[PDB]
Peer 1: 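Quick one: this structure, given as structure tokens, is what I'll be asking you about.
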Amino acid sequence: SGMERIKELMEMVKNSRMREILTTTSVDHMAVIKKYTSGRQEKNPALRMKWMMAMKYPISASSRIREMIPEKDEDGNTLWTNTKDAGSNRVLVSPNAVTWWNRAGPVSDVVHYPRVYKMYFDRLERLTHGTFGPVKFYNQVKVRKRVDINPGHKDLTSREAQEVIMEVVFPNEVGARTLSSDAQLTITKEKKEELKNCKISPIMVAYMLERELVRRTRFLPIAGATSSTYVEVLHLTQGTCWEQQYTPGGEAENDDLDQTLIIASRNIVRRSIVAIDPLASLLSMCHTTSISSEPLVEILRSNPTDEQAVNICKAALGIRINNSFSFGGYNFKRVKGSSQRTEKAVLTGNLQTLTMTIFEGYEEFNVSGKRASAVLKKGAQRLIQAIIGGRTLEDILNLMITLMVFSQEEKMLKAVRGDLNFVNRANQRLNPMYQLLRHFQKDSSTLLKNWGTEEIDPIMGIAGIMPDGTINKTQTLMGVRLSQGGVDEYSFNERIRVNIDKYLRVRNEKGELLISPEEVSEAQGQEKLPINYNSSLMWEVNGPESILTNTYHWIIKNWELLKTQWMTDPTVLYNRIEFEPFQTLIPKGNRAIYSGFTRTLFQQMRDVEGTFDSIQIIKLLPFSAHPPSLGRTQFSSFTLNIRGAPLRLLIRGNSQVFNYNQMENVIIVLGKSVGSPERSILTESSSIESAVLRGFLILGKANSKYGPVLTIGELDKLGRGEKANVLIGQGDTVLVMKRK
Amino acid sequence: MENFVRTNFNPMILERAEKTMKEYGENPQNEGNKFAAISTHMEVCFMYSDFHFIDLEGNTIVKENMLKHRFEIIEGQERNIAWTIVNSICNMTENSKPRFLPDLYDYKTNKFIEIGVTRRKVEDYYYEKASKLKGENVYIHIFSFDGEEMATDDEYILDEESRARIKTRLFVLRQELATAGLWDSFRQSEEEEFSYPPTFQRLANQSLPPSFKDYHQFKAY
Amino acid sequence: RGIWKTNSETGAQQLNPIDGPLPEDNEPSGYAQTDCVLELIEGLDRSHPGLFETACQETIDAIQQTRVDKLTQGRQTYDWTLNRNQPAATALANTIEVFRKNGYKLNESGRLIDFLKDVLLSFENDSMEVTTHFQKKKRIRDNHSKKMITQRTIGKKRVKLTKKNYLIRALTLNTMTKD
Amino acid sequence: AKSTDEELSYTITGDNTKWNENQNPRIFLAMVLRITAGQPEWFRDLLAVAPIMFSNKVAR
Amino acid sequence: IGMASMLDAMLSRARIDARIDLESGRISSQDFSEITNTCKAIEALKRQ
RNA sequence: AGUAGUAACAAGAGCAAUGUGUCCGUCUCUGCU
RNA sequence: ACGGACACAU
Ligand SMILES: O=C(O)c1cn(CC2(n3ccc4cccnc43)CCCC2)cc(O)c1=O
Ligand SMILES: [Mg+2]
Ligand SMILES: [Mg+2]
Ligand SMILES: [Mg+2]
């Protein structure tokens, strides 16, 4: 009842050394004296186990084995022996005693293993009922990123889950801190009701709860899906040259499917506009695309996902549009106006150079969901007017932080205090608009006194909010008011009817241009579930790193066919649909200026004989997959958007993107070998070149018998029969003549 | 003062006062009037609970010497010990857990008790204490050297004799602070440091670039 | 090519190459210039504004909440009370025992910074009194090989360190070969 | 990315000769004092102790 | 965590555990008195 | 002799740092088809 | 949280 431990403490206190230790050691010093060890350290346990298992008794167990396991086997083995001491509570045990217990010990009716290790049985249930597709062989472009190896609880973070575990298992030891969430409280009451009358040790209960509730992450090289059920089978699903198609056993997660529907929508939308019919291609790809081995159009008829590119895929089919987008989890529904996106290089509050994406153009908003409402008048970097509503008085105060992050003026971008790294510890680019969100939730005093005040007229139906938390009726902040009733429901939460056209601009029965394809967010996220665009319009796995390698891999094996199309009737070659998903990597204003340069380079390779570089026709060819312009400008590199970072591709020589390797006789793209082009080096390696400059011929290396040096942009005022020395790029000079 | 407190309070009161000051990181001789105020708080918290029992029938009695105490004393213990007591009580009587550590717990009325002792007026420190403790169902009780005491919502769970004895002891202590003169400093008294000792100061002076003779001269440079 | 001085506290010969003569070849040199180091740290602060202050604030928050038993996280630690390596928790327990035997009881609060204040205050102690492991040898006969061997029996013993000996042991790094 | 196209780029695969023997605790003292500039002086004195102790160390 | 000694922590925990067990009816009054007197004997030794 | 290699073993006290990352756990015998 | 193993640098 608790009498035995106080009698034992009396017995120990009657010893003098024990009493001095128990009276002089504090609870903090007990952590030090608990790990006190005065013997020699045991090293090398592998070697020690190798030779200790040759002995008869390598195992030390408690003395109760003398009552549970006999001293003699049926075969005559000795199972345990008493130690060299006399009153030791410890015996030396043979592994034959372990085998005796496993074959002839007491059978128990109560086993605890499927409950304590329920996580691993969940894993085995996911594997056993899983399905295997084929194996495809291609160059896997893995990217090292942080993923979840244990998903944890959705309502908890790791520290909140550890505090829930302490409140459940050891409730009288939690100390000063309380549980600061209602989710913590519901999980705590549920786990306390679940774990009543448990004869398991509390530490094993705590570790079982940590396997259930605590989210663990690791940096792993992932090629495909990144949800926690595709990460446990990462050794099975991917390798260096192969992909095993695997669907785990069981029902998928909802928030995982909601995310990967958006990523698959944006790929099909961005692929479609560089087709000659952007609607007929989007319908051809939506009906064949599958997510976690489930078709797309059956997901697009039951999902409440409110996103811009999802709405193109539904308005093409016929599913009704719930027109809104989501920042922070709230429905940010537009009303009126129109904008367009184009990024820029702006400065932030912590003196860091940031590449933000700001929506330039007027947009009227009705932002409302589940706790409040807001009618945000807003244009270009200007929170003009927001009559914000609510239900409780405090829930308006947190949503006040929500709208003022989305505003992005020249006030909130320079009213940031603290340390807000938009990169991570691996120099990985975090998206900026959600980093100001999680920062201003608790640091809000810089967003209330830098925002200032604006004068208003005493009209009824309007309240106010001050910087210092005062509800007011004379003054308030700039562009933010407070209403009472707000805007009612069943107009944001109605899925309205719309119609689509050939170029995917989505307009309703009145004619509101609700979605244009130019308003699609051109980001490449990594999906939680795999996506099989089983179509002849895409490649095997999408991704900007994969579109680069697979396009050049296809030109290299089809080079015997494509070189003949290049030699005669070349405009049939440029119009290939294999070349079309490569154009999603080029920015929009750069497409016609690159094909006009490239085809002008390609025509000078034809009118000048002997200047046939098959390694440079390959490199420039998927930049001609567009109707050209007549803009006679000079380029030394072509930029390519991959994960936000514009990779350059040099017209002359290797790069980090297109590297030809003379040693292996191969073209290396992004570190992936994409095959030997033709192996025609002896016909190649010429002197005169024609596909580097526009209207100019490189004539060998540098020579100063013609005058000074120029650069690539300063060749505009030249004449006939005039040669020069030009910095061509990558630290070298060539003799260059503007021809006839 | 110092010897006043050591001649006026019991050895257990001064022992818990010295242990409290050490736990909060301050010697009793550096802060003497704070030591006297801590011994005052401890003595009032002990006179609130001494010889006050609950019998087997649940009726509170007062004794001189098979009984259990009415109050659990939380002031004086170490902070994690006091939080163990408070957490065990809040888990038995399923109430809300107080945000700050209280001073007593009453098993009869099932309530946490907070004790303030002031030299100033009772009502100003009472309103500042009820503002500091806004949000909890504690029972505040302010005593003064003046001879007035304030309860919470004018309700009393202690009897008349014990509260009169507390006010008698506080009046005697206040008059004892006057006759030795130390009521002027008493009634008008309401960071991390890391220095170098001299041997390490000379080691610091010998650890510089060769054109500096002093560690502080180099720190200024 | 640096300056030689005798330490006033330990009595040791100390070589100061800092702000020494600039090197004249490609040999390894220790003549670091203090102004150039300060210029580089100033440039690191200029390219990263608010970095040093954030890192110092995190270190200030971590100093106040670090216990003494963090020092038990180590592996084999030079134990100055034994003049030998011991495990880290054993070495810390011997140091705390010797300190509290000598009147340095700030580390009784359990914070690491009070232990560090005791470490700095113990250098003023004119005579440290530590417990040392001595041994008692005895010639016995081995019973399974019939060879006269030496029986070693380790006991504890109290000695008195001087101030300079304690200061030399407190600055002592024990060495061994990396295997 | 932070390069134009008329630029060579070379990478040194570098090590340093006798790294720990050519470092200096007095330089570490100057580094620690400049990093903690404008900080509380107890904190600057606490963080200076380890370079001062390594400037006066002996090796058993 | 803690600054009190191990013995004071153990005696405080034993007293509050016996009191909560007597409030919850999980021990008797004689067991409560015997636990509290064992704690007082340990404190009589700890004084010396 | 031999192992070995900048210093040892060839019996008669067995000397394991710091930092970072990843992974796992929670007290009289010798037989690898 | 603590421990063990392995890798790398010093
Ligand atoms: O410690 C408490 O819970 C508590 C502290 N006082 C303040 C005093 N005090 C006592 C210890 C202590 C430690 C830090 C700061 N003030 C402290 C007691 C008298 C003088 C100051 C007052 C109450 O009413 C309390 O309930
Ligand atoms: Mg108190
Ligand atoms: Mg009080
Ligand atoms: Mg090196």
Side-chain angles (χ1 to χ4, degrees), chain A residues 30-32 34-35 37 39-62 77-78 81 89-90 92 94-96 116-117 120 144 146 149 158-159 162 165-166 169-170 173 200-208 210-211 214 216-221 235 425-426, chain C residues 67 69-79 82-89 91 133-154 172-179, chain D residues 14-23 50 54 59-60, chain E residues 1:
Chain A
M30 190 205 70
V32 181
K34 185 180 177 167
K35 290 191 289 183
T37 58
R40 73 167 156 96
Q41 198 64 81
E42 33 195 356
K43 284 287 173 167
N44 254 312
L47 184 61
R48 199 195 314 116
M49 194 92 273
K50 278 295 186 184
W51 68 260
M52 270 177 56
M53 291 298 296
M55 313 306 233
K56 262 175 178 167
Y57 314 106
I59 304 171
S60 80
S62 171
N77 316 293
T78 301
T81 47
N89 286 126
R90 213 71 186 167
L92 302 174
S94 154
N96 275 296
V116 179
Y117 296 106
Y120 305 103
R144 294 160 225 271
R146 188 160 293 273
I149 70 144
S158 303
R159 189 171 158 184
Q162 289 167 17
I165 285 155
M166 277 299 276
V169 184
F170 311 106
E173 329 267 322
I200 306 176
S201 183
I203 322 289
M204 292 298 139
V205 174
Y207 290 143
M208 172 190 66
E210 285 190 22
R211 279 185 293 275
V214 184
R216 318 277 182 189
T217 55
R218 266 108 186 100
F219 245 81
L220 294 169
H235 55 104
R425 277 188 38 176
Chain C
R67 299 283 162 181
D69 34 277
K70 170 66 69 171
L71 291 194
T72 68
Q73 85 179 336
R75 311 214 101 202
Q76 288 286 127
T77 300
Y78 171 69
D79 204 342
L82 296 184
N83 216 264
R84 188 205 166 174
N85 278 34
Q86 289 282 84
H133 289 4
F134 80 110
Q135 74 170 169
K136 281 174 174 169
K137 308 174 205 161
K138 185 205 157 188
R139 298 293 306 202
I140 69 172
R141 170 166 302 274
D142 185 80
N143 268 31
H144 224 300
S145 66
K146 273 77 209 296
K147 182 183 182 182
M148 291 287 310
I149 66 176
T150 291
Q151 230 292 284
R152 314 186 167 274
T153 302
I154 309 179
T172 290
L173 281 88
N174 198 16
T175 43
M176 53 265 155
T177 317
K178 177 189 174 173
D179 264 354
Chain D
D15 204 78
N16 287 293
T17 298
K18 297 301 176 190
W19 176 262
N20 64 107
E21 300 165 27
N22 286 311
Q23 289 291 327
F54 266 88
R60 198 174 173 273
Chain E
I1 332 111

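Throughout, protein chains are lettered first and strands after them, A, B, ... in sequence-line order, and every chain is numbered starting at 1. Every heavy atom of this structure was used, including side-chain atoms; hydrogens, water molecules and symmetry mates were not.
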Peer 1: Using atom OH of A:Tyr207 as one end and atom P of F:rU26 as the other, report the distance to the nearest whole Å.
Peer 2: 9 Å

Peer 1: Can you check the distance between F:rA7 and F:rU3, where both ends of the measurement are the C1' atom (answer in whole Å)?
Peer 2: 13 Å

Peer 1: If you only use heavy atoms from C-beta on, which nucleotide in F:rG14, G:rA5, G:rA9 is closest to the side chain of A:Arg40?
Peer 2: F:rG14

Peer 1: For the pair A:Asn44 (side chain) and A:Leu47 (backbone), establish whether a donor and an acceptor sit closer than 3.5 Å, ignoring hydrogens and angles.
Peer 2: no

Peer 1: Any N/O pairs under 3.5 Å between the protein and nucleotides 4-6 of chain F? List them or say none.
Peer 2:
none

Peer 1: Among F:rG12, F:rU26, G:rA5, which is the nearest nucleotide to the side chain of A:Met204?
Peer 2: F:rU26

Peer 1: Contact class for D:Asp15 (heavy atom, under 4.0 Å): base, sugar-phosphate, or nothing?
Peer 2: sugar-phosphate

Peer 1: So does A:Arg144 have more than 12 non-hydrogen atoms from other groups sitting under 6.0 Å from CZ?
Peer 2: no

Peer 1: Starting the side chain at C-beta, find the nucleotide from F:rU30, F:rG19, F:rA16 nearest to C:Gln76.
Peer 2: F:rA16

Peer 1: Quick one: stems for RNA chain F, with Watson-Crick or G-U pairs under 3.5 Å, at least three in a row?
Peer 2: F:17-26 with G:1-10

Peer 1: Examine the base of F:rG12 for any acceptor or donor lying under 3.5 Å from a partner atom in the side chain of C:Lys147, and report the outcome as yes or no.
Peer 2: yes

Peer 1: In whole Å, I'd like the distance from the CZ atom of A:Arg218 to the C1' atom of F:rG21.
Peer 2: 11 Å

